[PDB]
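Chemist:
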Amino acid sequence: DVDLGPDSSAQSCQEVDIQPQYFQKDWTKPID
Ligand SMILES: *[C@@H]1O[C@H](CO)[C@@H](O[C@@H]2O[C@H](CO)[C@@H](O)[C@H](O)[C@H]2NC(C)=O)[C@H](O)[C@H]1NC(C)=O
Numbered sequence: 020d021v022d023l024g025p026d027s028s029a030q031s032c033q034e035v036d037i038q039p040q041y042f043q044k045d046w047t048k049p050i051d
């Protein structure tokens with residue numbers, strides 16, 4: 020077992036905005 024340093028001292032996790040409709044793009048690179 021190894022040690023991965025000290026734990027995080029943050030009092031709050033980060034805030035995000037999830038919009039999956041903006042990430043749907045038609046870029047196809049199929050395997051050839
Ligand atoms: C950054 O991450 C590395 C990787 O875990 C930390 O290195 C460890 O530090 C602890 C502190 O006691 C040691 O016990 C481990 O042996 C170290 N592991 C390695 C692979 O180096 C490092 O402390 C971290 N730095 C900060 C500032 O969090």
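Take the sequence shown: its position 2, counting from 1, is numbered 21 in the numbering used here, and each next residue is one higher. Just so you know, even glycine gets a beta-carbon here, dropped at the ideal spot from N, CA and C.
Classify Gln-40 as helix, strand or coil using the three-state DSSP reduction.
Modeler: Note: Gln-40 maps to helix in three-state DSSP.
Chemist: May I ask whether a heavy atom of ligand 1 can be found less than 6 Å away from the beta carbon of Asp-22?
Modeler: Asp-22: yes, Cβ under 6 Å from ligand 1.
Chemist: Only counting the same chain, and skipping five residues up and downstream in sequence, which positions put a Cβ closer than 7 Å to that of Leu-23?
Modeler: Result list for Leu-23: empty, nothing under 7 Å.
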